[PDB]
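Contents: one structure, followed by commentary.
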Amino acid sequence: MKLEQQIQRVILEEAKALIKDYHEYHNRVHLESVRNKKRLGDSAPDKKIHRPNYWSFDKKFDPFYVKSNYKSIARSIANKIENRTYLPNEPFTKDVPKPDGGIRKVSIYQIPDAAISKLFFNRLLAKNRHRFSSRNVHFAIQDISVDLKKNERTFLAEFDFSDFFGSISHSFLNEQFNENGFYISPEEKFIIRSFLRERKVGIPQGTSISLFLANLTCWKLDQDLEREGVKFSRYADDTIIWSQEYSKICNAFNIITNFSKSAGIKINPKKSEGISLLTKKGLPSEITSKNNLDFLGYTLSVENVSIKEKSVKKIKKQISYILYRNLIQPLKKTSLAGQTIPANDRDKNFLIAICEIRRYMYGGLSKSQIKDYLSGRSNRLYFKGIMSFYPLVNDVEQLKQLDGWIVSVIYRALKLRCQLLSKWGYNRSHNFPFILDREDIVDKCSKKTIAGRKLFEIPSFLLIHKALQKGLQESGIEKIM
Amino acid sequence: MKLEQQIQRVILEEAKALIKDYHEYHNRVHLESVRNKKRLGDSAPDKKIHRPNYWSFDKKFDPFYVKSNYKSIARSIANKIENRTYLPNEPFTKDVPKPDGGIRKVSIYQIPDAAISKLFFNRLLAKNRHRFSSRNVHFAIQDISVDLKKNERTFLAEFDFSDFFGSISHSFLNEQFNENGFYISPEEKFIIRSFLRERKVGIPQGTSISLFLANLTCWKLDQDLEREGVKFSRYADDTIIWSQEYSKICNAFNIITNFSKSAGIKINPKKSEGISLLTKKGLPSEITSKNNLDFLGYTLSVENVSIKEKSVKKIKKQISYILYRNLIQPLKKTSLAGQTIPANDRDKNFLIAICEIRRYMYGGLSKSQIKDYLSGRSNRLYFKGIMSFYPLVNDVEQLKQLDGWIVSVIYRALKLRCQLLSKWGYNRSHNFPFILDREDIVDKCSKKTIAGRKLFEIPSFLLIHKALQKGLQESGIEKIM
Amino acid sequence: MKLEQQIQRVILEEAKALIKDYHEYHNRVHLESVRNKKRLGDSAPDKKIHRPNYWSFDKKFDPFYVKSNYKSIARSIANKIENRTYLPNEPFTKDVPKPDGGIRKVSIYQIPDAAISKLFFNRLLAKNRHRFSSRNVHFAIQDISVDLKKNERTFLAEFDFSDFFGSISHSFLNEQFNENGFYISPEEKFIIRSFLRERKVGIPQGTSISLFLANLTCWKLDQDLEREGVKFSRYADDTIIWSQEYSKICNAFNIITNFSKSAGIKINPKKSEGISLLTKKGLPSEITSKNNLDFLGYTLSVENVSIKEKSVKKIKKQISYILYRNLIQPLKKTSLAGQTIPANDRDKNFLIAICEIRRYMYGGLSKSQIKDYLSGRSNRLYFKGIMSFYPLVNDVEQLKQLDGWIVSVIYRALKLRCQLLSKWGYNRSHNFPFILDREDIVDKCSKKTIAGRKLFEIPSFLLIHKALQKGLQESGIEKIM
RNA sequence: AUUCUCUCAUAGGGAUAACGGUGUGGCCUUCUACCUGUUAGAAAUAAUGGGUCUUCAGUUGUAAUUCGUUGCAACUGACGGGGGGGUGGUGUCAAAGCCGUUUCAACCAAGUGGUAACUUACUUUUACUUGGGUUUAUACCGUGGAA
RNA sequence: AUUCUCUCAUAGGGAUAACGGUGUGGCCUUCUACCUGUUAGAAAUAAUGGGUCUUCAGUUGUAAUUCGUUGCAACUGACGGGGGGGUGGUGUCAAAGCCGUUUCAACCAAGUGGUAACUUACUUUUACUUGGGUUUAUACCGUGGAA
RNA sequence: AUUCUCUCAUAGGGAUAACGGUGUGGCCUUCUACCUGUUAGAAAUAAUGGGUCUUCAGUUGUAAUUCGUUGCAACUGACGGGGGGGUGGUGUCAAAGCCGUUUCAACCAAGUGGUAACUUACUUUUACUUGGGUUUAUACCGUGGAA
């Protein structure tokens, strides 16, 4: 098919996607505002709707305008490409200064350039997919865990690349292009050179074409490491190498060092940890040793795999915020006007908080459905929650500790709510749910039923963990994900 | 010969041995009581004779009854064995709870079962003795010491098995039985299965048959280690491996780890020390290092072999107790009735104490006999003392320190005795041996002679050490032991 | 040619050299005394001339007497050599007790014996020069630096021989003589045996013949190390071995240890440092690591080569002493009689101090000559100063720090001089050079000119460093040295 | 006599008084961008007396290629430590930190329990002094001779 | 106009006013153990309203084998953190320790020099919401038109 | 009865009263340098009673070789811990340190929060007692018999 048809199709698809998103955004904002008005009574702020700032700078950024004229641009681009005069327009870049990632500048490109880059990247990847080394990182996690279990003592080397994209040398890339027997047409080379453009060093960040170049640069390193006989995995901006012999790990370190010099890239000293030995807890080591290793939010050890501390902190933060927002925040305003005061042993806010916590943790599944699936009465279940992102966890003690934390936090929050209500002049200590001790919370809430459905049940990590383990055993990681 | 004759002979020998022992016990107790009556005067306690408690539980335990009827049991056992209905009776087990060894349960079996086990074990060992890897541990000590001296830097790995006997898997043993081309008759297999009996896991402790099974289980490990090329020695519940290359020691560690998993045995983390480098004192090491290694009460280092600290503590305890018992303990009783008070420059208790110390250290040999043997006037000497258990010691400084300790302790004990005697109302400061200073003790005691024999000489470790070294050089360790 | 002619020539050359030296000594002492008389006025001490004490003990030590009768000695020596009755006379030995080097005894020999030893050593070295392994240590420094830069991680082992000369075993040397296929005539062997003479162990120190023996003893060690594949360098009483594999370094350590036992030499434990890993700063190591290594006054690291701390301390000491001697010391005497007081904005002592510092640092070269050579107006320069001894330094920061130190010390010394002059009763604060602040010292001194030559310029290390680097790049180390 | 001769030659006899070196000057020749005074005298040139510049990395411009980085501008960026006290900004919710002004120290000392001295000196490489050559101009240094 | 047409086509002309989505309900069909009320009406069955169970490891018993661990009972063992104060046992020669009762804290906090706030929020993977399909029932959200 | 016999034989019948060990002495023989008392009686020898020596490393001397270190002198160097207090030298600019005299402690204790007891004892190898042989000299130890 002609170039124009393909360009038109890609531009149309991109515009339709962006429009769709925007529409969902404003509709959700309306629903949330409606709920907030009831929650905060007459102190609720008014609704505000915003449009992205960068849309104003150029008409091309705005999706609707591009949708209006999606034919002229395609023809002009095709003609400019045939004439070999095409050049991508300047991107919009905004820095994100932070302690981690430094400047962490991010760039966004106009819709036509992004569409062209995506099309070319897809074609190149399709033709050259076979000549490449082995969301699929989970299989690597399984392999490393199995190897770690097989022998207690393993040698590990961890390298953290710093400013990998920024320092790539164009001459090195030019050398790679001629060698390795890859298939690249003249037009593709022209487009790649056009994208590099003025930049003296480095490759553009935030573009689809860049990923292919990154894979291309590391082909020789992968071949050399495979020839050596060590095992390795590379994901994002990190690499891990493990072996059972000191000599091989030393040779791998030498190869990595020599490669960095050739390609003008530097390894951050602070982030890099160096060679170490991973051994079971309670056994001495003759060299520097560690008992746990982190990979993509997973903590791996000889005995078991557990969730990383930071993820646990985020989960605790979210649950705490939900409880605070629904129970304590509304009562600290100057005037309690428009709000509903709990009475006759009924509290709506407690129900709303419990439902939101259930949605965050499971996705809305009831305990009965999980039990039925486990027993075998039903054949299917859907996983749509925070737990889905960690399908391979096998540690039981941590989940129990988390469940205890949830129950205690709920009890303390309810007590503080009761104190504030008493301070405002209403005494509701006798009425439920303020009359229940910590030990009795689970059973009393479990028994209570509203409208024939048990909506007061406290969620438990262990039950979902059991369901996940059974699903994994009887199926595959790809099926679950 | 028929089975009955062999069974009869073994049972008779066991009964005669036990009887003999008992008779020696009671006779010795009588002699000791007679001496105690003189030592403690009229405060001496009366003699008490006891019989082992477990004898009462069953008639078979008692030796005399079994001696009375040693024919019927043999015939019945032979018939039951031929019918394949034989089963060993339950053993008597008494726990020994302690910090070291934990429960440390010990079991004793009746005389017929023990005789049967000994007979079968002897036959099996005789037939299968050749297919086994190399009181003979002393030769191993010589070899390791020579290797340690040859090169200053050596790599060592030490593993302490925990509950080795308890956790042996029967399935693994069954697998070993079929393989390895050993010669085992049907009756032997039947007896081994009978001994295992109800036990789900583990092998009986305290029986002769168990040792053969233990050697059988470790055959593959020994073959693999020999194939690797490292050198090792296994005695009791400990193993040592040494080599001059890091790679081999790492491979040996891997082999040991893999074997433990296969045979369901665990290595105690606390007792195990891990890989280390043994180097001469005053030289730095790049990894964890040690300057001394302990083996069966021996401390081995690059420079020399010396006695372990615990053994020295036991020797000090025994010598101190003997001096206290003969010099201080009799004078702290309420009434000094029936005792003899030192007078006219003569003290019997000092003579008795010195003679007991000499018997404990040498075995009763005089200094003259040792000197004659060293010079060559005589051709033979007998070694029967505490020193005999440590025939390879070559450290001279430690022996000198011990001799100084002995002289000082003797002087202090005599001074305390003099003070107590003065407190009771007798002043004997002028009379010997209370008039001698520490420096003059050895010479004055040496010169004094009673009945034409020098009985007041103070024993010296160095002289016996010289005699032992000369005997070892002119003979062999087997001859000395 | 006959033996007599050669002996005569060597003796004559030695005597003429020694005489020459003596004459230069006394003439220099006269000039220095003349300058001192002006510097210290009427407090100057009187001149004293001395002759070496050992000259008195024997007439042979004195050069003039040997020069008077250089013919008889040659004939007598030749006849005694032919008769095989020659024996060297006893040397004069004086101990130099110190913490470093211990007794450090040094021996001096009479002129004829030294001449004979030099002649024989030269002939033996000439014939056997080819059979030897690779002021030439600088090339080794270049090679080690290049290797260190090539790979960041390197393994190093350093051994310090102790009393190497003292403990050499004669039997070992005798064994070496027969083997290795060296060419040694009977007379040479006779002379070597004569030199060893009464000494039971060791070889004489301070004689030319000894060096050849030292090279001869280590031939086997060098061959073995080369066969192993490691790289090494031996200079004076130290050796360094470096490699990129742990196994090879361990084998080299074993070879060195085995050799020492065979040749009865010991390695000092304190001086020896053991195996270590040299890595770039800021990168972790799994074993003992260091970031800098010292060799013959040079400090070598991955980034650059810099001067050792001790040499810097000596340079600081010399510059400080020169400033103190010319500026402060003359004014602390009891009476300022015969001295010249600074007046009319002129100070001779400052000029003398600056000229002496320039002579010590450069050798007298002006800034203009260096600038002309750098630009290319002139083609040649001569290097004759302290800097010449360190021709390979490439560190710039250290030189800048040294220059700042020099300027500050000059300013402080001038201030103290002004205070002392005021204390004596003369106020010269307004007059130069006491009116200049630290910042303005360099420019004001630079501009000032006397007799058409700029003699007040402050020397700078960086300019000479640049000249040295340019000379090295455009020539060779041998040419510069 | 350190100069020259004789034999028994690792030591002994003789005969002559000079024999070895250092500083300064001279001469020979040896690698050197300019701009200006006053002399001389033809600008052939000299003679003297004053002053400025030289490096590295760019940014480009250029050109040139000689197929690369060359030669040029012109641009702009470098190019003389550290320590102890006082007092100002600005840094935060406190703070670190970063800037600037004024004082104290001959050096080791960015430290010792405490801090002064020393170059014919101290000790582990630690060591050398200014293109050469030749100067019976000139003044002096060992040891002799004379006395 | 985000709808539709025209050319010089990354920009320009026109013509019509509608054009994209969200919640709830409906319908279609799609994987589900029982025991009981009241309805209806024949127990063919419906209609609604209430309540219980589901996992893992054993111990065995059993049987069965299908040559092994199967299917069953029945048994008994699991299955919702941590921190600071008070007061009881029991632990020793002192003691650790182990047990139990009562109080304090919205979370990071098992900590900071000190401890409050926040979701259209914060940032390193940090990201998603409830079998589908179709509903001019019904109520609303951008941007237009009318005004 | 632990001694001896019988059968149903991991248990049952009988008949006799002795049956196993320890200390001391005796005898048999077994590897031992001298010098002296008193006995006896011929120095063949005995009998008893008193006292000394034995090792390693040298230095050499020697000799010898047996081609090396041998055998000898003779020389000189070794050969019985540690801790807490007081008081002397000498060590420095202070000091460490090295020497010497006097006191305290039954051992672990060169240490514990604190320090006493114990051998038919305690526990991780921890375990053995004095060339053998034979002694119806002599005195005693289990269990029996008699009573």
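If you read the sequences in order, they're chains B, H and P.
For the first sequence, counting from 1, position 424 maps to 424 in the working numbering; every step adds exactly one.
Just add 481 to the spot in the second sequence (first one is 1) and you have the working numbering.
Just add 962 to the spot in the third sequence (first one is 1) and you have the working numbering.
We put the CB at the ideal spot given by N, CA and C, even for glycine.
{"query": "Same chain only: Cβ atoms within 6 Å of B:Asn326, ignoring 5 sequence neighbours per side", "result": "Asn349, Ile352 and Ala353"}
{"query": "Beta-bridge partners of P:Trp1204, as assigned by DSSP", "result": "P:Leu1118 and P:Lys1193"}
{"query": "Own chain residues within Cβ distance below 6 Å of P:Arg1320, not counting five before or after", "result": "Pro1421"}
{"query": "Interface residues of the region 221-244 of chain B facing chain H [CB-CB below 8 Å]", "result": "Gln244"}
{"query": "DSSP three-state assignment for B:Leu392, whether helix, strand or coil", "result": "coil"}
{"query": "Cβ-based contacts, 8 Å cut-off: residues of the region 193-205 of chain B near chain H", "result": "none"}
{"query": "Chain-ordered neighbours of H:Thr738 on chain B, where CB pairs are closer than 9 Å", "result": "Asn151, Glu152 and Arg153"}
{"query": "Amino acids of chain B, ordered along the chain, whose beta-carbon sits closer than 8 Å to that of H:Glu754", "result": "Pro284"}
{"query": "Start-to-end residues for the alpha helix (DSSP H) that takes in H:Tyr892", "result": "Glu878 to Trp905"}
{"query": "Three or more C-beta pairs below 8 Å linking the region 270-287 of chain B and the region 186-201 of chain B", "result": "no"}
{"query": "Chain P residues whose Cβ lies nearer than 9 Å to that of H:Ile768", "result": "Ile1249 and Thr1250"}
{"query": "Beta-carbon contacts of B:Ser43 that lie in its chain and below 6 Å, excluding the five residues immediately before and after", "result": "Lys333"}
{"query": "Three-state class that DSSP yields for P:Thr1302 in the structure shown", "result": "coil"}
{"query": "Euclidean distance between Cα positions of P:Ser1034 and P:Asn989", "result": "32 Å"}
{"query": "B:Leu300 versus B:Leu392, B:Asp237, B:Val407 and B:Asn251, residue with shortest Cα-Cα distance", "result": "B:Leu392"}
{"query": "Touch test, the region 880-887 of chain H against the region 903-917 of chain H, Cβ-Cβ under 8 Å, three pairs minimum", "result": "no"}
{"query": "Close beta carbons around H:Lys865, own chain, < 7 Å, minus the five adjacent residues each side", "result": "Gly844"}
{"query": "Distance CB(B:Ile7)-CB(B:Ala78) smaller than 8 Å", "result": "yes"}
{"query": "Whole-angstrom C-beta distance between H:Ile597 and H:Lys541, which should lie under 8 Å", "result": "With 8 Å as the limit, H:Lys541 and H:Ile597 do not qualify as a contact, their Cβ atoms being about 13 Å apart."}
{"query": "Beta-carbon neighbours of P:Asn1216, restricted to chain H and to distances below 8 Å", "result": "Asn632, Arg634 and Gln725"}
{"query": "Rounded C-alpha distance that separates P:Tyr1145 from P:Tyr1048", "result": "22 Å"}
{"query": "Rounded separation between P:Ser1069 and P:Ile1281 - CA only", "result": "34 Å"}
{"query": "Validate contact between the region 1208-1222 of chain P and the region 1119-1139 of chain P using beta carbons, cut 8 Å, 3 pairs", "result": "yes"}
{"query": "Exposure of P:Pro1304, with buried meaning 16 or more beta-carbon neighbours within 10 Å", "result": "buried"}
{"query": "From H:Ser728, H:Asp644 and H:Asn570, residue whose alpha carbon lies closest to that of H:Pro750", "result": "H:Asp644"}
{"query": "Residues near H:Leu521 by beta carbon distance below 7 Å, same chain, minus five either side", "result": "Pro811"}
{"query": "Boundaries of the alpha helix (DSSP H) in which H:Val682 is found, first to last residue", "result": "Taken as a continuous stretch (DSSP letters only), H:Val682 belongs to no alpha helix (DSSP H), as it is neither H nor E."}
{"query": "Sub-8 Å separation of P:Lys1432 and P:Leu1327 beta-carbons", "result": "no"}
{"query": "B:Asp347, buried or exposed, once every other Cβ within 10 Å from all chains shown has been counted against 16", "result": "buried"}
{"query": "B:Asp238 versus B:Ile267, B:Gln223 and B:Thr217, residue with shortest Cα-Cα distance", "result": "B:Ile267"}
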